[PDB]
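*Asks:* Okay, so the sequence shown: first residue is 19 according to our numbering, each after it adds one.
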Amino acid sequence: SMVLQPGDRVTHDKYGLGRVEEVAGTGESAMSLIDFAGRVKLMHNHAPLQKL
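1. Where are the beta strand (DSSP E) runs, 3 residues long or more, that stay fully inside the stretch 39-64, in chain order?
2. Thinking residue 63 and residue 46 are a contact (beta carbons under 8 Å), I'd like their distance in whole angstroms, please.
3. Distance, Cα to Cα, residue 23 vs residue 61?
4. Given a cut-off of 7 Å on the beta-carbon distance, is the pair residue 88 and residue 68 in contact?
5. State buried or exposed for residue 50, treating a residue as buried only when at least 16 other CB atoms are found within 10 Å of its CB.
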């Protein structure tokens with residue numbers, strides 16, 4: 019669903035603002051490395067994340 023790409027900015031309901039740095043996979047199980055709290059590799063379709 020939510021498709022992210024390097025450079026996209028997001029808000030985590032826990033870590034706040036971060037910048038997408040990498041993105042792997044596709045669909046619901048896609049992973050993101052987001053620099054916020056620091057760099058955190060996540061699975062963004064299963065996270066309280068919003069695209070800005």
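Quick reminder that beta carbons are idealized off the backbone N, C-alpha and C, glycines included.
*Replies:* In brief:
1. Within the stretch 39-64, the complete beta strand (DSSP E) runs of at least 3 residues are 49-53, 57-61.
2. Within the sequence shown, residue 63 is the residue found at index 45, counting from 1. Within the sequence shown, residue 46 is the residue found at index 28, counting from 1. Confirmed, about 4 Å.
3. Position 5 of the sequence shown, counting from 1, holds the residue named residue 23. Position 43 of the sequence shown, counting from 1, holds the residue named residue 61. The alpha-carbon atoms of residue 23 and residue 61 are separated by roughly 13 Å.
4. Summary: the structure shown does not reach residue 88, with the chain confined to residues 19 through 70, and so no result is reported for it.
5. Stepping through the sequence shown from its first residue, residue 50 is reached at position 32. It is buried - the Cβ of residue 50 has at least 16 other Cβ atoms within 10 Å.
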